[PDB]
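If you read the sequences in order, they're chains B, S, H and F. Residues 755 to 933, 948 to 1056 (UniProt numbering) are what the first sequence spells out, left to right. Note that UniProt numbering has the second sequence beginning at 253, numbered continuously upward. Note that UniProt numbering has the third sequence beginning at 2, numbered continuously upward. Note that UniProt numbering has the fourth sequence beginning at 1308, numbered continuously upward. In what follows, a structure is listed as structure tokens, so that the remarks can point back to it.
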Amino acid sequence: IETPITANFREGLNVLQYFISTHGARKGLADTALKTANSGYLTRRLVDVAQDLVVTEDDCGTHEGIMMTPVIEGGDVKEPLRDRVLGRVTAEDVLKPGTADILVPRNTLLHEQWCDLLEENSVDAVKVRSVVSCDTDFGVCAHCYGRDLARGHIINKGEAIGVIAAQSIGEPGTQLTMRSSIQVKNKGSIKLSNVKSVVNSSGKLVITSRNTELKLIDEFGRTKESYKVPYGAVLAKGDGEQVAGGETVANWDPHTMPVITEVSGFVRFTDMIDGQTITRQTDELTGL
Amino acid sequence: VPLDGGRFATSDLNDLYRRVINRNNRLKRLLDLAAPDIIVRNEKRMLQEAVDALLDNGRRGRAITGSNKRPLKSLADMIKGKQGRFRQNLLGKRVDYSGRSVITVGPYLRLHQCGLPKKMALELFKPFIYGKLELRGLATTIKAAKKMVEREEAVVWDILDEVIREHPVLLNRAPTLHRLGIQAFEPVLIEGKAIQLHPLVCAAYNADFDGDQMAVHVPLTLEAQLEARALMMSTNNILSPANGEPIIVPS
Amino acid sequence: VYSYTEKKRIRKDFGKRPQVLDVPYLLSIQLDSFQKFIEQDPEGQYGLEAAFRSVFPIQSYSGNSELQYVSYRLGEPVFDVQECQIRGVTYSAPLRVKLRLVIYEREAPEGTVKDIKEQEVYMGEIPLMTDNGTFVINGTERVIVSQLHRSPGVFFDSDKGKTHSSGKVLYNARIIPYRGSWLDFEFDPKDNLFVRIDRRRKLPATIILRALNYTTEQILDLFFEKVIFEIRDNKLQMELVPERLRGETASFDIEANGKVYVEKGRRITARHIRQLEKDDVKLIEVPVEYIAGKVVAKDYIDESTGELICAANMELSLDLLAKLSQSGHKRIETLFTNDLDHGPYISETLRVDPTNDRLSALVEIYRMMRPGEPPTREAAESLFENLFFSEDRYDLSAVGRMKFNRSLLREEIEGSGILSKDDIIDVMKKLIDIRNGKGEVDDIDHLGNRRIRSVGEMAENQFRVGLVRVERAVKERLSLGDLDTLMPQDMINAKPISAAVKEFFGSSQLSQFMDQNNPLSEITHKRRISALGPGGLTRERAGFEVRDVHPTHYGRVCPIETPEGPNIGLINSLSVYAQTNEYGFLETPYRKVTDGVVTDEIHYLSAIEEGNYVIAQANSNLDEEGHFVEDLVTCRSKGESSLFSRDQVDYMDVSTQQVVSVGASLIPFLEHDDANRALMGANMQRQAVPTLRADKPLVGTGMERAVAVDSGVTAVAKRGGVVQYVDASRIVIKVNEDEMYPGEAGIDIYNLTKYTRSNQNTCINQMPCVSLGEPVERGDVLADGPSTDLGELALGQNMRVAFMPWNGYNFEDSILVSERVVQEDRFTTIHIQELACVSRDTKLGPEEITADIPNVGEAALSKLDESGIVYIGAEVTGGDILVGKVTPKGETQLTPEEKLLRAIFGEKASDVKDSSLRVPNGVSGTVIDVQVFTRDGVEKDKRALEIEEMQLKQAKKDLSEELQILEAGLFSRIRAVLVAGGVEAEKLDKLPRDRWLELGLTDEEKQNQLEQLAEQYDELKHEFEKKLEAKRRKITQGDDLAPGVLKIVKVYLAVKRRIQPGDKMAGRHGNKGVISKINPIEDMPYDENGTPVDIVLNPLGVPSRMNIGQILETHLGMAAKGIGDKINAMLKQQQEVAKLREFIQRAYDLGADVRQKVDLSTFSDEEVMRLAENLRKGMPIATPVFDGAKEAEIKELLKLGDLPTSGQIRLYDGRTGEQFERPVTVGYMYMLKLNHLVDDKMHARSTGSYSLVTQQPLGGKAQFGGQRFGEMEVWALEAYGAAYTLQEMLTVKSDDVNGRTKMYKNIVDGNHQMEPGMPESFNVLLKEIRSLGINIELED
Amino acid sequence: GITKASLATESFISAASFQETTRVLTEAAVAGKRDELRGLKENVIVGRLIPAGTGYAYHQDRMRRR
DNA sequence: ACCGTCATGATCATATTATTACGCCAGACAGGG
DNA sequence: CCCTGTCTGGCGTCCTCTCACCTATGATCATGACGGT
RNA sequence: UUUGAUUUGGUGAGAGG
Ligand SMILES: [Zn+2]
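Below, the structure written as structure tokens:
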């Protein structure tokens, strides 16, 4: 509503302002009193899909597990690696970021002391054991689950993890709601992934691949920023380069899909006939 | 069973079975009498629809009804639904040795103990008090003990403080969402009629004190007392199982 | 000037806006609707006359008989309200109807009937309404609640977005009749037009246009324009109006008059349209490709062959043009089917149609209604004339015809109740216009489309359904009997009518049990706009938008008073000034702001008349004439608030209290509370309980007197005058002579209602509040009710509160209360429980109520009399015997000698077992009232004869005192008349007083008046004789009762529940709380005067739960008590009235331009002392809702008392005796006790009874039951490793019967051990699955 | 998806305590299905020790002694 | 005052029709390019 | 024959507390009150 | 060849958390 409620509660609200306030608050009470049914039915579906899964071994005997990286949406690094790899047992032994060192062994639980020795060495990402990669028939082994979470140690042989997991996902169901180009922020080094590129005539490295990931790696080794750069964008920078904080490093036009080339030469109209294939629309306000 | 009065409040299945038997008797009599084809086709069709209405009512076209327009409840409707046997009597049951009252604060408590009223304590612990009274030798038969606690003499409160002492109880707030909503305490007896609940523990139950109610349950057997002390005690739940964050945070 | 009870305690009033329309009578919806229902109403409608003239005359199955209608009449009820609530009857009135039977002859139904008969007939019993606005159905006072439903008429909704998953919106046009078959026109993604009738199968829409006897040529004449092609010598020229060409790209070069107008490849501009219409171009030239797809309108036939050239609604090709060109046709009529302007929806619809004439359309409609049966032309005509076009089965109301004409832009709002052809064609025209892009759709939640039914209209509809069942019965009987020998009471029977109206008032979804524990709760349950019930939506299905406040609830439906939980916004409460329109919509007052001046005339606007005009906000500043003092003023135009100029306004609101309801206008400082906390405050103010001595609100809104007087708990004076006799039972008013009838001499007697049971087990008392010899005015309180005081409304009590954290005992929301509160007996509420005991009739004989009872001794029977019933006054405990009743013996041991009765003793030797029916415990009390009802024929025992003699004696004394008191008033009238005209000063009292008529006086008005008083006196004599005989008949007779019951004993226990840790108290802003510790007096924080504070709240609930109004209420309450303490100081020192007059005048002026303006110079030195006697416990202050007391006025009133300006006193501690740092806030808050007590929720069970079908414990508290260890608790014990706890929690403690008896033996012997077994309810699951064709087992 | 996955289980009491019981009981009946219990809700239905918590030693013992 | 006639209450099988106004979301089915 | 609207079924939160309200009938032996002799 | 105290069902409406 274009006219706000300029009066607080210490000054008096008049009539219209309180009525607009009642719009805004009746919507919230209706949302909670109807949201609670979906939250409870979500907890029911979750504890009946889980329902069976019991910690029933001590090691499945595998070497597979998901690759825990810190998550980065495009702003500053949102959830650090110490939040994701706290108390989860590594899959293979993490190499120290210098060269080929056995920093941690390959079946160690990562409690707070190990995670601090991970944060000192600025470890990139940890290949850690996940429950979906567990090889145990009819249950989850004790290492592929992780830390007990309300006990400091590993999960005991027996403790029902499906039900506590289903409750822990569905329990915050009440608090949840129901109803141009790239500008860098920090100052570091450039790295490109999924890139197949070419240098244009002016010098800005344009990209012949749609799915290119533009990472900003710091001077230490960890990945601090990530972005998605489209097919055919004007990169102000290049691979492995050092930039300044706030300098624009990418540019494109999303309303005009570029059909840029790899080589040079002359242009011919192959199967382009005016009258059937293409049409003649001379511009009104420009003339070109 | 009859309700309070002189008539029998009959179940719906008796209507269903009585109709199937009425129709089956009619069909046997018509096959005795050699009625023509269309009569016994309607008779067997009414029996088919009667059996199909008995088993799963309303899966066929519009369900039959006795009183008044509401359809009557069949066997499959004794199984299925929110109020069948699974979701209403086998997964969740009503429970003896249990109680319920309004909560209040009582901040003098240590966080392994909760306040529990004397009237609820003498009602929930009637068999332990009976066993204690029969051990001392104050009475003889069970009747005498039930008269003693029906009168509430001066000697059963010492018996009650000697059955409480190291015996945990399960406090439970009514919308239990995660496992920290059932926690086991040790009772401390309360002159009053309200459960005194230690304040830090409230942030686990999502329990404010604006009119809330909680249920108490008594672990009867010995393995259940040990599970209440060793797994479900309130000192043992100081970290939320969803993460690593402490749940006994000062509110 | 002020009324005499307004000179008792005149409430201080802040407030700035001078009112112009006072609060109306708050119960006008119920009373006005039911007065509209039952009243002798001529000119047909509304009322019962509408039903009796729409279902009658019943004419027979061609037997030439007819049962027509004359009139109706309701006799008096046999039972008044008090006897009806005591005994348990309906409060009904018999409905006598005068019906007439006429019987026509042969060969002339337009001929003379041979015989008529007109007579009185009995049908049904409709329950009357009491003066409070409530019904008494079976001794329990019930309220029928107004329903909010959809307005009958057309409704053009748009199924937006969701269908077909391609964004193409649909448009449907639901015609909503008031009674009959629905009708939904709609579209489909192929842009065809589909009708449907009552959500049945779907047909193309034009099949009903053929059913109204339209040929296809006429249909295309209606729904399209025409395009004319003239074959004139060159390329089949065209008549062209260029308005159709607005933006169309032509296929050639349009030239005319030898001039190129339009080029090929371009579109026709608007200026080219101007050129062609300025030069008046008519005939243009088309190519052969232009009429390649033009759709012909009507049929062309060739004159030579007699065949069809081209059918109607067909595109034209080359060969069709070649055929019609050589047949002699020069004019070609086609249609204009554009992309944006006019789609060919009718044309595609007629191309999907298989039907061709009227008969096939009627056959297809008869086949979609009743599937699979042979149609016949007579049956199809009869069905389609009885769907929409008959007075019987289809009826829009006047509301329906108004909406149907208004939403189609008609002029006359009057029409027939049935549809016609023009109506359906206008629906299809408006639907096609909405699809074309002009015009708008209609929203649902807009209150111009939500009608309000009430008690009268719903009772009329249920009575009409009863009448159509009885017209089925009368049509059955009338032409299947011998005539003339019967009368019209042998035909019509009263069973379906009484069954229908008794089922509606008895158990409906809207005839609900009155929440009666408070005058506020009565007067806000009667004003309720429920959306649920029959014809409306349901809670567990819908929805989102209907639970939201629309912009047109402003001043009709309250935005902040609604129950939170599963139905928010469906159980809306109607606002204060909101009336109901003539049709049923909502309307609200406004003030007609003529061009400069706010004129003080009120003017009621509906919900759609409000939108067109522009309404000024309620609190806009104006300078003594009406001229708006600003030049930008905040207004709202069309559902949207904005800022408008000074003199473009058309209406102003009346008073600033009109957005809210009466539940949430007793909240002081409402504009400072966030809306959630105001909602919770209004709902808990409804949930209060009446205390023992209700005090007053120190900080009210002035709305208390409307809620108290305009409800029915106080004893309002009817005619003013002088009080003659006050008593705790009765009050006698002597009526003043300038208010008094000439005859029926008249002094009124108010019989108050002493201690009796309410519905919520409170104690509805009435206390007399007037002195003796005191004048009272017409319209004035005499007896305060429950939670009233001097005619005000005192729900809870006002106590000294401090906001400080005090050692944790008020942690989340808790409240900490001194023992000074419980010592003063000030929350000690009084509850009354009714305990019934019936004497049924079983086998081996009837029961015994006598006190010769087995298995009991002296200690039980000392509290009973010699006939079983407990005394009146015996203070009992929990588990004594109230009524002794013996029969329980069952069949412990089958009688050896079959039925050996006459052998040992008289009847039997106590069967085999005996146990006098002894009751439970948990509650104390004092037996205040015992009722004994006896089914007639049964021997009355000695106590039933004692109650009969008692009530005979009471009614005898009461009617004799009626005669004596009215005779005393009559003799006082005779003395008042004989002051002049033959006065005898000494001779008047020498003779006996009954002869004051034959004294010396001529034929004047005085001897005429003495003759009229002799007529009145002899009428009172014979009336007293016949009424005492009838009252002896009513006491002496039996009562009709249940099948097979001897006598019913009802006993009223009267518990007095005080306060304890665990009760729920709350203020009036949402500050809830369980009281957590009842401290001693010494521990309370006191101040540097000495007084302890009573209640210590918690400050931390204020910044999060944003209810900042309670702190302003606290400061203004402290100001009020400061003025009260200064009055108490100036009066305790025995000071003369001059200083009291000075100080009271200074405390009543004190403000800005306000409304009160009192002066004590016209109170005359005796009322000022009594006004100060009423002000010494504090000075009441009114603070209206949105025009309240600002901060500076509270500061100036805290400066009048010698209190600190900031409101905060420094407070010492009680324990340490040393000062709290940073001085704390004290004041008075008006706090309410709620009836969620703690000795009604607390429950405990070791081992009780067990259910029958599944061997699990019972549920509830009255049934001694156990708490449900539900499913999520089972999940929470699976989530730990607790395995034995869950095994005994669902096998031993709950279900397995041998397991739990082994458990009970093992617990009383000290061996904690369980033998598990199986749940018996799992065996019930096996029997229910096995009772199907399924074979479930248990292997191994 | 979770409701299609909990109704497609090799234990028909687990898939019958949850949503529609008609479909699951006819599928299990005409298949002749058998419920080797082996989970939490089968043992909450049938009234014995949970095979997760303290009862995991009891179910180790019973699974060893077959 | 006894005998006969009208009236009125027990027990007992007989077996189903004249409203509409949720919102997705899978899952199965006749239609047609 | 592979997309496709269209129709039919199947979900929709736990725990607790208070109150009221509960099918019609169509046919007959035998008891029960009323009037004549 | 003689020992026993035992059982209060659906439907719909409303409130608390
Ligand atoms: Zn594993």
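From the three backbone atoms N, C-alpha and C, an ideal C-beta is built for every residue, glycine too.
**Asked** Cα-Cα, which of H:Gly585, H:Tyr1285, H:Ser408, H:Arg202 is closest to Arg371 (chain H)?
**Response** In terms of Cα proximity to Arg371 (chain H), the closest of H:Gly585, H:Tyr1285, H:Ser408, H:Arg202 is H:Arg202.
**Message:** Quick check: is any heavy atom of ligand 1 less than 6 Å from the C-beta of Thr890 (chain B)?
**Reply:** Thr890 (chain B): yes, Cβ under 6 Å from ligand 1.
**Request:** Tell me where the alpha helix (DSSP H) around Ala302 (chain S) begins and ends.
**Result:** Going by DSSP, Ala302 (chain S) is part of the alpha helix (DSSP H) stretching over 289-307.
**Request:** Count the C-beta pairs between the region 429-449 of chain H and the region 545-552 of chain H that are closer than 8 Å, then say yes if the count reaches three, no if not.
**Result:** The count of Cβ pairs closer than 8 Å, one atom from the region 429-449 of chain H and one from the region 545-552 of chain H, reaches three, so the stretches are in contact.
**Asked** Using a C-beta to C-beta distance shorter than 7 Å, which residues of chain H count as neighbours of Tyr382 (chain S)?
**Response** Contact annotation for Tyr382 (chain S) against chain H: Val1309 [CB-CB distance below 7 Å, chain order].
**Asked** Are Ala679 (chain H) and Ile498 (chain H) close, meaning C-beta to C-beta below 7 Å?
**Response** Not a contact, by the Cβ cut-off of 7 Å.
**Asked** Which residue spans inside the region 448-502 of chain H form an unbroken beta strand (DSSP E) run of at least 3?
**Response** Runs of beta strand (DSSP E) with 3 or more residues, each lying fully within the region 448-502 of chain H, are found at 451-454, listed in chain order.
**Item:** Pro205 (chain H): first and last residue of the uninterrupted beta strand (DSSP E) it sits in
**Value:** Per DSSP, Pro205 (chain H) belongs to the beta strand (DSSP E) from 203-205.
**Message:** Per the DSSP calculation, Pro998 (chain B) is bridged to which residue(s)?
**Reply:** Residue pairing from DSSP leaves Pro998 (chain B) without any beta-bridge partner.
**Message:** My output table needs one value for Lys697 (chain H): the three-state DSSP class, helix, strand or coil.
**Reply:** The three-state secondary structure of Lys697 (chain H), taken from DSSP, is coil.
**Request:** Alpha carbon to alpha carbon, how far is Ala1338 (chain F) from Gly383 (chain S)? Give it in angstroms, no decimals.
**Result:** Take the alpha-carbon of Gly383 (chain S) and the one of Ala1338 (chain F): they are about 53 Å apart.
**Request:** Using a Cβ cut-off of 7 Å, pull out every chain F residue sitting near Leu800 (chain B), in sequence order please.
**Result:** For the C-beta of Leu800 (chain B), the chain F residues within less than 7 Å are, from N- to C-terminus, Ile1309.
**Cutoff 7 Å: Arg901 (chain B) Cβ touching any chain H Cβ** = Not closer than 7 Å to any Cβ of chain H, the Cβ of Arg901 (chain B) fails to qualify, so no.
**Message:** ligand 1 and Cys869 (chain B): does the residue's C-beta get closer than 6 Å to at least one heavy atom of that ligand?
**Reply:** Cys869 (chain B) Cβ: outside cutoff for every heavy atom of ligand 1.
**Request:** Assess, as a yes-or-no matter, whether the region 822-836 of chain B is touched by the region 960-975 of chain B under the definition of 3 or more beta carbon pairs within less than 8 Å.
**Result:** Verdict: no, contact absent.
**Asked** Taking Cβ positions only, does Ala1280 (chain H) come closer than 7 Å to chain B?
**Response** Yes, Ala1280 (chain H) lies at the interface with chain B (some Cβ there is under 7 Å from its Cβ).
**Prompt:** Short check: CB of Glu1009 (chain B) to CB of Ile958 (chain B), under 7 Å?
**Reply:** Going by C-beta atoms, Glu1009 (chain B) is nearer than 7 Å to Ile958 (chain B).
**Message:** Taking its Cβ as the centre, do 16 or more other Cβ atoms sit within 10 Å of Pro379 (chain S), making it buried, or is it exposed?
**Reply:** Label assigned to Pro379 (chain S): buried.
**Request:** Check the C-beta distance from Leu807 (chain B) over to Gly893 (chain B) and give it rounded, since I have them as a contact under 8 Å.
**Result:** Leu807 (chain B) to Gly893 (chain B), Cβ: 6 Å. Contact.
**Message:** In chain order, what are the residue ranges of uninterrupted beta strand (DSSP E) at least 3 long that sit wholly in the region 310-382 of chain S?
**Reply:** Counting whole runs of 3 or more residues, the region 310-382 of chain S contains the beta strand (DSSP E) stretches 350-356, 365-369.
**Asked** Is there at least one non-hydrogen atom of ligand 1 closer than 6 Å to the beta-carbon of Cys366 (chain S)?
**Response** No; taking the cut-off as 6 Å, the Cβ of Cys366 (chain S) has no heavy atom of ligand 1 nearer than that.
**Asked** Does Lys1340 (chain F) get closer than 7 Å to chain B when you measure Cβ to Cβ?
**Response** For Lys1340 (chain F), the answer is no, since every Cβ of chain B falls outside 7 Å of its Cβ.
**Message:** For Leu1314 (chain F), count the other beta carbons within 10 Å of its own beta carbon; 16 or more makes it buried, fewer makes it exposed. Which is it?
**Reply:** Label assigned to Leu1314 (chain F): buried.
**Distance CB(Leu644 (chain H))-CB(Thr657 (chain H)) smaller than 7 Å** = Taking 7 Å as the Cβ cut-off, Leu644 (chain H) and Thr657 (chain H) do not qualify as a contacting pair.
**Asked** How would you label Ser72 (chain H), buried or exposed, when you count the other beta carbons within 10 angstroms and need 16 or more for buried?
**Response** Exposed, since its Cβ has fewer than 16 Cβ neighbours within 10 Å.
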